[PDB]
Amino acid sequence: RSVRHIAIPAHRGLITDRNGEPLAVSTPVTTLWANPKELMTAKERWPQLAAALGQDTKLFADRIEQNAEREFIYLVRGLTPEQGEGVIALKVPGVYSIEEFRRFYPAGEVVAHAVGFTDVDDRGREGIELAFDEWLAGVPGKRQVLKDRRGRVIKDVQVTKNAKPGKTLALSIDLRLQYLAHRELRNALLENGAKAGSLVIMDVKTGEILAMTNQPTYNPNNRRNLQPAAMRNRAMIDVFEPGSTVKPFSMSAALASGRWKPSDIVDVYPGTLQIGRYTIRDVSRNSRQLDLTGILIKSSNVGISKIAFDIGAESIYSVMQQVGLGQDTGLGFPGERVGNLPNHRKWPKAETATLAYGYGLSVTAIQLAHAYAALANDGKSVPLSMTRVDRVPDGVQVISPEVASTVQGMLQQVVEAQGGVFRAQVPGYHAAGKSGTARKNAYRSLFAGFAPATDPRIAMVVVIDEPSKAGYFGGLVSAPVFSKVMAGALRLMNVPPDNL
Ligand SMILES: *C(=O)[C@@H](NC(=O)/C(=N\OC(C)(C)C(=O)O)c1csc(N)n1)[C@@H](CC=C)NC(=O)NS(=O)(=O)n1nc(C2=CC(=O)C(O)C=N2)n(CCCS(C)(=O)=O)c1=O
C-alpha cells in the first residue's frame with residue numbers, strides 16, 4: 001500500500017470592473033485522467049471511450065499501449081462538466097475525473113487587453129490576469145490518497161492542506177466607458193483604413209484608468225489560433241514619438257522660467273529655421289509673429305524651438321520627466337514598455353529643439369495620458385492605477401498650480417479659438433487639448449486632452465496608427481474620436497455641462 005498526494009486546483013479570484021460588473025469568472029471544467037494499467041483490463045471499452053473524445057480509435061489505442069507502464073496519463077483537459085459526465089456514463093475502468101477551472105470573460109474582446117487571459121493551467125498570461133496573478137490565484141489543495149503498485153485510487157483518507165480560493169479584484173475600468181471607447185476606436189479605424197490604434201481614459205483626480213482599448217483586439221474566450229498581433233496591449237507596450245502633443249510641457253517649462261508670458265511674441269517667419277545641418281520646419285509656413293497660444297494653435301515647431309533655445313533644454317526635460325514621459329509607470333505589467341526620454345549633460349541646439357517638439361522621444365499612450373492628467377489636475381500627478389482607488393494617494397505637485405492653470409487655458413483656446421482644432425470640441429462643455437502627427441510615408445495620428453476645461457475630470461489620449469486616407473493629421477483623424485468619446489464619458493459620469 002502506497003500513501004500519495006493529489007493537488008486540488010483553487011478557484012481563481014473574480015475580476016470586476018469598478019462597479020462590480022464581472023470581467024473574468026472561474027468556470028467549472030472537467031479534466032479526465034486514466035490509469036493505463038487499469039485501462040488495459042477493459043480494452044473492449046476503448047473505441048467507445050475514443051469516439052466519446054472525438055479521437056481515431058487506433059490513434060487512442062496506440063496512445064494507451066505506449067503508456068502501459070505509466071501509472072497516470074491525461075486523457076483530456078477542460079471539457080464542459082456535461083461533456084465530462086458523458087465520458088463518466090461509459091463506466092470505463094481506470095477513467096477518473098478532476099474538477100478544474102477555466103476562465104470565462106463576459107465582455108470578451110471589449111476589455112481583452114486590460115483584463116488579459118490565463119494559460120492552460122489557469123495562471124495569468126497577459127494583462128491584469130498576469131499582473132495580479134498572485135492575488136487572483138490563491139493556493140491549491142493537498143488531498144491524501146491511498147494507491148497500489150498499478151496506480152489504482154483506493155480511498156480519500158484525509159485533506160492534509162485545504163485549497164484557498166483566490167481573491168476578488170475590482171479594476172479602475174468603468175465597463176460603460178470601456179464599451180464607448182472600444183466602439184468609437186473601432187469605427188475610427190475602419191473610417192480611416194488604419195492599421196491599429198489605442199485610446200486611454202484617465203480620472204485626473206484619482207489616477208484611475210477608466211478605459212483602455214486597442215485595435216486590433218481578440219475574443220479571449222476563443223483563443224484557438226491566437227494571433228500575437230491582436231493580443232498586444234498597444235496602449236502599454238507600443239512606444240511612439242509623441243511629437244506636437246508634448247509642446248504643452250515645453251510651454252509649462254517656458255512659463256515657469258520667469259522669461260515668458262502667454263502674450264509674448266515669437267517670429268516664426270519663414271516657417272523654417274536652420275541649425276547647422278538640421279532644418280526645423282513648420283507644416284504651414286504663412287506666419288511671422290505668433291503669441292504663445294498661437295504657437296500651439298498653429299503647431300509651430302519653429303516657435304517652440306526658439307522658446308526652447310531661450311529657456312534651455314534642462315527645464316523642458318525636467319518637466320517631461322516629472323510628468324512621467326519615458327518613465328516607469330509602476331503598474332507592474334510584465335512586458336510593459338518604458339520608452340525613452342533622451343538626456344544630455346550639454347544639450348546641443350538640434351536636440352534641444354527636437355525634445356521641445358517631441359521628436360526622438362518614445363512614450364506609451366498610458367504615459368501620455370498620465371502626463372495630461374497631471375496638467376489637467378492643476379499640475380498635480382497622482383500615481384497611475386489599474387485597480388479601483390477608494391483612498392486616493394497623495395499626488396506630487398509636478399507643475400505649479402498657476403502654470404498648469406495657464407497651460408490649461410491655452411489648450412482650451414487650441415480647441416475653441418479661430419483656426420483651432422474645432423473637431424475636438426465637446427458639445428455642451430469647454431474641452432482642452434493638443435493634436436499631433438508623427439511621421440513614423442507612414443503616420444501616427446494623435447490627440448491628447450481633457451475636460452471640462454474649467455474643472456478637469458478626465459484626460460484622454462487617442463492614437464490612430466497608419467491612417468490611410470487623404471487626411472492623416474491628428475487634428476483631423478484623432479480629434480473627432482476624442483470629441484465623441486469625451487461627450488459620452490462625461491455624460492456617463494454625470495459631469496455637469498460647463499459651457500454655460
Ligand atoms: C506635431 O505633431 C508636428 N509634427 C511633426 O513635426 C512631425 N511630423 O510632421 C509631419 C508633418 C507628419 C511630417 O514630418 O511629415 C513629427 C513629430 S515626431 C515625428 N516622428 N514626426 C506638427 C507639424 C509641424 C511641423 N503636426 C501636428 O501638430 N499635427 S496637428 O494634428 O496639429 N495638425 N496640423 C495640421 C495642419 C495641416 C496643414 O496642412 C496646415 O496648413 C496647418 N495645419 N492639421 C490639420 C488642420 C486641423 S484644424 C487646425 O483645421 O483643426 C492638424 O490636425
# chains A, B, ... in the order shown; residues from 1 in each chain; ligands from 1

call {"tool": "select_by_dssp", "arguments": {"residues": "stretch 67-120 of chain A", "states": "helix (DSSP H, G or I)", "output": "PyMOL selection string"}}
result
chain A and resi 81-88+108-115

call {"tool": "residues_around", "arguments": {"residues": "residue A:383", "least_positions_apart": "4", "cutoff": "9 Å", "atoms": "only C-alpha atoms", "output": "ChimeraX atom specification"}}
result
/A:206-208,329-330,370,393-396

call {"tool": "residues_near_ligand", "arguments": {"ligand": "ligand 1", "cutoff": "7 Å", "atoms": "only C-alpha atoms and all ligand atoms", "output": "PyMOL selection string"}}
result
chain A and resi 241-245+281-284+297-301+357-360+419-423+434-440+443+445-446+473-476

call {"tool": "write_last_selection", "arguments": {"atoms": "N, CA, C and O atoms", "output": "compact mmCIF listing (two decimals), in the first residue's frame"}}
result
# COMPACT_ATOMS: atom_id res chain seq x y z
N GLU A 241 6.68 58.27 -31.03
CA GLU A 241 7.13 59.65 -30.86
C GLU A 241 5.90 60.52 -30.67
O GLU A 241 5.02 60.51 -31.52
N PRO A 242 5.76 61.18 -29.49
CA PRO A 242 4.53 61.95 -29.21
C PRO A 242 4.41 63.24 -30.01
O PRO A 242 3.32 63.84 -30.09
N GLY A 243 5.52 63.68 -30.58
CA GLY A 243 5.53 64.88 -31.40
C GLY A 243 4.92 66.09 -30.72
O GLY A 243 5.16 66.32 -29.54
N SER A 244 4.07 66.84 -31.47
CA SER A 244 3.43 68.08 -31.02
C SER A 244 2.60 67.97 -29.75
O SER A 244 2.37 69.00 -29.13
N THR A 245 2.20 66.75 -29.32
CA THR A 245 1.43 66.60 -28.06
C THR A 245 2.29 66.88 -26.82
O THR A 245 1.75 67.02 -25.71
N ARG A 281 11.19 72.62 -39.50
CA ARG A 281 10.19 73.03 -40.50
C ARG A 281 8.80 72.97 -39.93
O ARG A 281 8.46 72.00 -39.27
N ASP A 282 7.99 74.00 -40.18
CA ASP A 282 6.58 74.00 -39.81
C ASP A 282 5.80 73.47 -41.02
O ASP A 282 6.31 73.48 -42.14
N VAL A 283 4.59 72.96 -40.77
CA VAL A 283 3.72 72.42 -41.82
C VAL A 283 3.10 73.52 -42.66
O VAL A 283 3.06 73.40 -43.88
N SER A 284 2.63 74.57 -41.99
CA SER A 284 2.08 75.76 -42.61
C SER A 284 3.16 76.80 -42.37
O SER A 284 3.68 76.91 -41.25
N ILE A 297 -1.75 76.72 -31.36
CA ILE A 297 -2.83 76.62 -32.36
C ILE A 297 -2.29 76.23 -33.74
O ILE A 297 -2.87 75.37 -34.37
N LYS A 298 -1.19 76.85 -34.18
CA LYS A 298 -0.60 76.61 -35.49
C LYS A 298 0.35 75.43 -35.47
O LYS A 298 0.87 75.06 -36.50
N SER A 299 0.60 74.86 -34.29
CA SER A 299 1.58 73.80 -34.07
C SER A 299 2.90 74.14 -34.74
O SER A 299 3.37 73.43 -35.62
N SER A 300 3.50 75.25 -34.28
CA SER A 300 4.77 75.70 -34.82
C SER A 300 5.98 75.07 -34.10
O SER A 300 6.26 75.42 -32.97
N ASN A 301 6.72 74.20 -34.81
CA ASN A 301 7.98 73.61 -34.36
C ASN A 301 9.05 74.69 -34.25
O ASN A 301 9.79 74.71 -33.27
N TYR A 357 9.71 69.73 -29.38
CA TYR A 357 8.55 69.39 -30.20
C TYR A 357 8.32 67.86 -30.32
O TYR A 357 7.58 67.42 -31.21
N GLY A 358 8.83 67.10 -29.36
CA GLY A 358 8.55 65.67 -29.21
C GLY A 358 9.05 64.71 -30.27
O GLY A 358 8.44 63.67 -30.50
N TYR A 359 10.16 65.06 -30.92
CA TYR A 359 10.77 64.20 -31.93
C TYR A 359 11.92 63.47 -31.24
O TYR A 359 12.61 64.03 -30.40
N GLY A 360 12.08 62.20 -31.56
CA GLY A 360 13.18 61.43 -30.99
C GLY A 360 12.96 60.93 -29.58
O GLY A 360 13.86 60.30 -29.03
N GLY A 419 -9.29 79.13 -36.02
CA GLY A 419 -8.15 78.40 -36.59
C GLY A 419 -7.69 77.22 -35.75
O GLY A 419 -6.75 76.52 -36.12
N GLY A 420 -8.38 76.95 -34.65
CA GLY A 420 -8.04 75.86 -33.74
C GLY A 420 -8.50 74.49 -34.19
O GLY A 420 -9.01 74.33 -35.30
N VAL A 421 -8.36 73.50 -33.30
CA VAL A 421 -8.75 72.11 -33.56
C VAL A 421 -10.23 71.96 -33.22
O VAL A 421 -10.59 71.38 -32.20
N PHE A 422 -11.10 72.53 -34.07
CA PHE A 422 -12.55 72.54 -33.83
C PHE A 422 -13.20 71.16 -33.71
O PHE A 422 -14.21 71.04 -33.04
N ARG A 423 -12.62 70.14 -34.37
CA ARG A 423 -13.14 68.77 -34.35
C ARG A 423 -13.04 68.12 -32.95
O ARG A 423 -13.75 67.15 -32.71
N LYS A 434 -4.36 69.06 -27.34
CA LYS A 434 -3.38 69.31 -28.36
C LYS A 434 -3.33 68.11 -29.29
O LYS A 434 -3.20 66.97 -28.84
N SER A 435 -3.39 68.38 -30.60
CA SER A 435 -3.29 67.34 -31.58
C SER A 435 -1.82 67.18 -31.96
O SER A 435 -0.98 68.01 -31.61
N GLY A 436 -1.53 66.09 -32.66
CA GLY A 436 -0.18 65.81 -33.12
C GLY A 436 -0.21 64.85 -34.28
O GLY A 436 -1.20 64.10 -34.46
N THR A 437 0.87 64.87 -35.08
CA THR A 437 1.05 63.97 -36.21
C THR A 437 2.50 63.61 -36.26
O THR A 437 3.35 64.49 -36.36
N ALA A 438 2.81 62.32 -36.18
CA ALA A 438 4.20 61.88 -36.22
C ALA A 438 4.44 61.08 -37.48
O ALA A 438 3.67 60.16 -37.79
N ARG A 439 5.49 61.45 -38.23
CA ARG A 439 5.90 60.71 -39.42
C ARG A 439 6.74 59.57 -38.84
O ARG A 439 7.76 59.83 -38.19
N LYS A 440 6.25 58.32 -39.00
CA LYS A 440 6.92 57.15 -38.42
C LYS A 440 7.92 56.52 -39.37
O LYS A 440 9.12 56.61 -39.10
N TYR A 443 2.23 57.48 -41.04
CA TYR A 443 1.94 58.40 -39.95
C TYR A 443 1.20 57.79 -38.77
O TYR A 443 0.51 56.79 -38.90
N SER A 445 -1.52 59.34 -35.98
CA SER A 445 -2.38 60.49 -35.75
C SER A 445 -2.72 60.53 -34.26
O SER A 445 -3.17 59.52 -33.70
N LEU A 446 -2.45 61.67 -33.60
CA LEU A 446 -2.61 61.79 -32.14
C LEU A 446 -3.48 62.94 -31.69
O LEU A 446 -3.43 64.02 -32.26
N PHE A 473 -3.50 63.94 -40.46
CA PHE A 473 -3.11 64.76 -39.32
C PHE A 473 -3.97 64.45 -38.09
O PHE A 473 -5.15 64.10 -38.25
N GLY A 474 -3.35 64.54 -36.91
CA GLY A 474 -4.04 64.30 -35.64
C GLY A 474 -5.33 65.09 -35.44
O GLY A 474 -6.31 64.57 -34.92
N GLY A 475 -5.33 66.36 -35.86
CA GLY A 475 -6.49 67.24 -35.70
C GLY A 475 -7.67 66.88 -36.59
O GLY A 475 -8.80 67.34 -36.37
N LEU A 476 -7.40 66.06 -37.60
CA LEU A 476 -8.43 65.60 -38.49
C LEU A 476 -8.89 64.20 -38.09
O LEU A 476 -10.09 63.93 -38.06

call {"tool": "closest_residue", "arguments": {"among": "A:12, A:180, A:224, A:410", "to": "residue A:263", "atoms": "only C-alpha atoms"}}
result
A:410

call {"tool": "closest_residue", "arguments": {"among": "A:491, A:457, A:1, A:344", "to": "residue A:152", "atoms": "only C-alpha atoms"}}
result
A:1

call {"tool": "residues_around", "arguments": {"residues": "stretch 337-340 of chain A", "least_positions_apart": "5", "cutoff": "9 Å", "atoms": "only C-alpha atoms", "output": "number ranges by chain"}}
result
A: 236-240, 325-329, 360-364, 367

call {"tool": "residues_around", "arguments": {"residues": "residue A:466", "least_positions_apart": "6", "cutoff": "6 Å", "atoms": "only C-alpha atoms", "output": "VMD selection string"}}
result
chain A and resid 194 to 195 442 to 444

call {"tool": "closest_residue", "arguments": {"among": "A:161, A:64, A:268, A:293", "to": "residue A:306", "atoms": "only C-alpha atoms"}}
result
A:268

call {"tool": "closest_residue", "arguments": {"among": "A:316, A:54, A:23, A:305", "to": "residue A:115", "atoms": "only C-alpha atoms"}}
result
A:23

call {"tool": "residues_around", "arguments": {"residues": "stretch 39-53 of chain A", "least_positions_apart": "6", "cutoff": "8 Å", "atoms": "only C-alpha atoms", "output": "compact mmCIF listing (two decimals) with N, CA and C atoms, in the first residue's frame"}}
result
# COMPACT_ATOMS: atom_id res chain seq x y z
N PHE A 60 -5.88 6.53 -30.44
CA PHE A 60 -6.11 6.48 -28.98
C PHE A 60 -5.61 5.12 -28.39
N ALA A 61 -5.81 3.99 -29.10
CA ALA A 61 -5.34 2.67 -28.66
C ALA A 61 -3.79 2.66 -28.62
N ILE A 64 -2.58 4.56 -25.39
CA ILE A 64 -2.66 3.77 -24.16
C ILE A 64 -1.60 2.67 -24.12
N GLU A 65 -1.43 1.93 -25.24
CA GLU A 65 -0.46 0.84 -25.35
C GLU A 65 0.97 1.31 -25.06
N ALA A 68 1.43 1.97 -21.21
CA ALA A 68 1.04 0.80 -20.39
C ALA A 68 1.83 0.63 -19.09
N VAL A 76 -7.90 14.09 -21.47
CA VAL A 76 -8.35 15.39 -21.98
C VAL A 76 -8.51 16.39 -20.81
N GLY A 86 -20.66 12.60 -19.71
CA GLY A 86 -20.92 11.67 -20.81
C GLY A 86 -19.86 10.60 -20.92
N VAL A 87 -18.59 10.97 -20.64
CA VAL A 87 -17.44 10.06 -20.63
C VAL A 87 -17.54 9.19 -19.37
N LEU A 90 -19.95 6.14 -19.51
CA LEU A 90 -19.43 4.95 -20.20
C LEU A 90 -18.98 3.91 -19.19
N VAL A 92 -16.03 3.24 -17.82
CA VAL A 92 -14.78 2.59 -18.23
C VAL A 92 -13.85 2.49 -17.01
N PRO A 93 -13.41 1.27 -16.67
CA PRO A 93 -12.46 1.11 -15.55
C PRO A 93 -11.13 1.81 -15.85
N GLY A 94 -10.62 2.56 -14.87
CA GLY A 94 -9.36 3.30 -15.00
C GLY A 94 -9.52 4.75 -15.45
N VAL A 95 -10.76 5.17 -15.74
CA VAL A 95 -11.02 6.54 -16.15
C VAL A 95 -11.49 7.29 -14.90

call {"tool": "select_by_dssp", "arguments": {"residues": "stretch 264-441 of chain A", "states": "strand (DSSP E or B)", "output": "NGL selection string"}}
result
:A and (265-267 or 272-275 or 278-281 or 289-291 or 340 or 362-363 or 380-381 or 385 or 387 or 396-397 or 432-439)

call {"tool": "atom_distance", "arguments": {"atom1": "atom CA of residue A:179", "atom2": "atom CA of residue A:212"}}
result
10.0 Å

call {"tool": "atom_distance", "arguments": {"atom1": "atom CA of residue A:279", "atom2": "atom CA of residue A:350"}}
result
8.8 Å

call {"tool": "atom_distance", "arguments": {"atom1": "atom CA of residue A:469", "atom2": "atom CA of residue A:304"}}
result
28.7 Å

call {"tool": "closest_residue", "arguments": {"among": "A:168, A:320, A:14, A:196", "to": "residue A:229", "atoms": "only C-alpha atoms"}}
result
A:196

call {"tool": "decode", "arguments": {"residues": "stretch 464-486 of chain A", "atoms": "N, CA, C and O atoms", "output": "mmCIF file, in the first residue's frame"}}
result
data_model
loop_
_atom_site.group_PDB
_atom_site.id
_atom_site.type_symbol
_atom_site.label_atom_id
_atom_site.label_comp_id
_atom_site.auth_asym_id
_atom_site.auth_seq_id
_atom_site.Cartn_x
_atom_site.Cartn_y
_atom_site.Cartn_z
ATOM 1 N N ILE A 464 -4.042 56.857 -33.468
ATOM 2 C CA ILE A 464 -4.504 56.093 -34.629
ATOM 3 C C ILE A 464 -3.286 55.827 -35.485
ATOM 4 O O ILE A 464 -2.611 56.764 -35.921
ATOM 5 N N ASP A 465 -2.969 54.548 -35.657
ATOM 6 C CA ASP A 465 -1.759 54.112 -36.344
ATOM 7 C C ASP A 465 -1.977 53.854 -37.820
ATOM 8 O O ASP A 465 -2.838 53.055 -38.208
ATOM 9 N N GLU A 466 -1.194 54.560 -38.642
ATOM 10 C CA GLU A 466 -1.196 54.499 -40.111
ATOM 11 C C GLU A 466 -2.588 54.743 -40.735
ATOM 12 O O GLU A 466 -3.073 53.887 -41.486
ATOM 13 N N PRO A 467 -3.246 55.908 -40.485
ATOM 14 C CA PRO A 467 -4.487 56.199 -41.223
ATOM 15 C C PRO A 467 -4.133 56.219 -42.726
ATOM 16 O O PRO A 467 -3.039 56.664 -43.115
ATOM 17 N N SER A 468 -4.992 55.658 -43.553
ATOM 18 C CA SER A 468 -4.669 55.532 -44.967
ATOM 19 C C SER A 468 -5.493 56.460 -45.897
ATOM 20 O O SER A 468 -5.361 56.358 -47.118
ATOM 21 N N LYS A 469 -6.243 57.433 -45.332
ATOM 22 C CA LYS A 469 -6.990 58.395 -46.157
ATOM 23 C C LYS A 469 -6.209 59.704 -46.354
ATOM 24 O O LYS A 469 -5.195 59.917 -45.677
ATOM 25 N N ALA A 470 -6.661 60.565 -47.309
ATOM 26 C CA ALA A 470 -6.038 61.850 -47.679
ATOM 27 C C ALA A 470 -5.609 62.689 -46.470
ATOM 28 O O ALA A 470 -4.485 63.200 -46.455
ATOM 29 N N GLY A 471 -6.494 62.786 -45.474
ATOM 30 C CA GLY A 471 -6.241 63.496 -44.226
ATOM 31 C C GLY A 471 -5.698 62.534 -43.187
ATOM 32 O O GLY A 471 -6.380 61.573 -42.836
ATOM 33 N N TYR A 472 -4.447 62.746 -42.736
ATOM 34 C CA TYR A 472 -3.781 61.871 -41.758
ATOM 35 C C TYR A 472 -3.359 62.599 -40.474
ATOM 36 O O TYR A 472 -2.879 61.956 -39.518
ATOM 37 N N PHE A 473 -3.501 63.940 -40.465
ATOM 38 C CA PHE A 473 -3.113 64.759 -39.315
ATOM 39 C C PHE A 473 -3.967 64.454 -38.095
ATOM 40 O O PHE A 473 -5.148 64.103 -38.249
ATOM 41 N N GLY A 474 -3.354 64.538 -36.908
ATOM 42 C CA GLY A 474 -4.044 64.302 -35.640
ATOM 43 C C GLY A 474 -5.327 65.095 -35.443
ATOM 44 O O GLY A 474 -6.312 64.570 -34.918
ATOM 45 N N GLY A 475 -5.330 66.356 -35.865
ATOM 46 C CA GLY A 475 -6.491 67.243 -35.701
ATOM 47 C C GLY A 475 -7.667 66.880 -36.590
ATOM 48 O O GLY A 475 -8.797 67.336 -36.374
ATOM 49 N N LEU A 476 -7.402 66.059 -37.596
ATOM 50 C CA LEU A 476 -8.434 65.597 -38.492
ATOM 51 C C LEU A 476 -8.894 64.198 -38.086
ATOM 52 O O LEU A 476 -10.088 63.929 -38.062
ATOM 53 N N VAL A 477 -7.941 63.300 -37.834
ATOM 54 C CA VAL A 477 -8.213 61.896 -37.600
ATOM 55 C C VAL A 477 -8.553 61.568 -36.130
ATOM 56 O O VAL A 477 -9.528 60.848 -35.910
ATOM 57 N N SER A 478 -7.743 62.034 -35.150
ATOM 58 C CA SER A 478 -7.947 61.675 -33.748
ATOM 59 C C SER A 478 -8.846 62.629 -32.968
ATOM 60 O O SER A 478 -9.570 62.178 -32.076
ATOM 61 N N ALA A 479 -8.797 63.933 -33.288
ATOM 62 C CA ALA A 479 -9.614 64.964 -32.632
ATOM 63 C C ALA A 479 -11.088 64.593 -32.606
ATOM 64 O O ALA A 479 -11.647 64.637 -31.510
ATOM 65 N N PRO A 480 -11.757 64.193 -33.729
ATOM 66 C CA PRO A 480 -13.191 63.820 -33.614
ATOM 67 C C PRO A 480 -13.454 62.621 -32.710
ATOM 68 O O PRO A 480 -14.545 62.538 -32.166
ATOM 69 N N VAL A 481 -12.488 61.665 -32.578
ATOM 70 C CA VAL A 481 -12.656 60.465 -31.718
ATOM 71 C C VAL A 481 -12.703 60.948 -30.246
ATOM 72 O O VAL A 481 -13.594 60.557 -29.488
ATOM 73 N N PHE A 482 -11.753 61.822 -29.879
ATOM 74 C CA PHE A 482 -11.705 62.498 -28.573
ATOM 75 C C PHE A 482 -13.079 63.150 -28.310
ATOM 76 O O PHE A 482 -13.631 62.967 -27.244
ATOM 77 N N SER A 483 -13.601 63.923 -29.271
ATOM 78 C CA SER A 483 -14.907 64.591 -29.147
ATOM 79 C C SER A 483 -16.030 63.618 -28.772
ATOM 80 O O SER A 483 -16.734 63.851 -27.802
ATOM 81 N N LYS A 484 -16.197 62.548 -29.566
ATOM 82 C CA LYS A 484 -17.267 61.557 -29.417
ATOM 83 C C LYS A 484 -17.136 60.805 -28.104
ATOM 84 O O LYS A 484 -18.125 60.629 -27.401
ATOM 85 N N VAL A 485 -15.914 60.384 -27.764
ATOM 86 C CA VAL A 485 -15.698 59.595 -26.561
ATOM 87 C C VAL A 485 -15.864 60.464 -25.317
ATOM 88 O O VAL A 485 -16.469 60.022 -24.335
ATOM 89 N N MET A 486 -15.327 61.687 -25.363
ATOM 90 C CA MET A 486 -15.447 62.637 -24.253
ATOM 91 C C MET A 486 -16.918 63.020 -24.026
ATOM 92 O O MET A 486 -17.337 63.019 -22.887
#
